[PDB]
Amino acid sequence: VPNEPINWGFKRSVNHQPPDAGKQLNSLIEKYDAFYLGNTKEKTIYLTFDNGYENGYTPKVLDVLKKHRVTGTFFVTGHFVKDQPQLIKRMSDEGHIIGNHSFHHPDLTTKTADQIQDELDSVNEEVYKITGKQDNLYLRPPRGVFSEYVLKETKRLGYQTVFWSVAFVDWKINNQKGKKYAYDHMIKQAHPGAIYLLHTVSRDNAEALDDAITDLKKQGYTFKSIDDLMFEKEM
């Protein structure tokens, strides 16, 4: 199996229509049961987050999710778990899903199955030490980089690879654009079956999310979890 590195990417959504990664990604993605979209036949959105480190807003993000009773899926790294045990515990205690973003956040395509297995299981090990629980296995490739070998291998390891359909620059600390920037992206890029990828490190990301959920719901959107996405497609 091919180990050519691939960077997950796509032309952004337009006119609130789902985006498309093209035939090559779709075919490859489908081949290993990985996806970047949920059910596009309904006004549904799935919130996911990538957490590499804490910059002080995740608690507010969690309070916001609780307020709207929405279930998030947080993809954590080894450092994040080790550094924020209590946040990992709140995510757990509050009904949220904890995804895998690898322990050291390396370029998995440069790793061996032996290494990949440790990169992933060590995150679960730490999460369990803290929660005593373990979510279904979801993986988001560190740096968004992957390959057929990586997909195949991680799938062989029982992981469901989850990409995204909505993302923007809410992770540059040296240039935190404020509430409006993120809020508008979340409104403009919204489409049915959209899988959002957000970070909780930029200034006001929590308040923009708050307003975004508030308004997206007014527009008739229902927020579902990656577990819900999985269950509903099963049937």
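Position 1 is the first residue in the sequence shown; the rest follow in order.
Note on 25-33 vs 55-63: mean CA B-factor is higher in 25-33. For the two regions 223-231 and 16-24, the entry's Cα B-factors average higher over 16-24. Listed residues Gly99, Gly144, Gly72, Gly78 were ranked by CA B-factor as deposited; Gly144 comes out on top. Ranked by Cα temperature factor within the chain, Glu125 sits in the highest third according to the deposited record.
Placement of the Cα temperature factor of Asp83 within the chain: lowest third of the modelled residues, per the deposited record.
Sort the modelled residues of the chain by CA B factor and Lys43 lands in the highest third.
Among the modelled residues of its chain, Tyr138 has a C-alpha B-factor that falls in the middle third according to the deposited record. Compared with the other modelled residues of the chain, the Cα B-factor recorded for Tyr149 ranks in the highest third.
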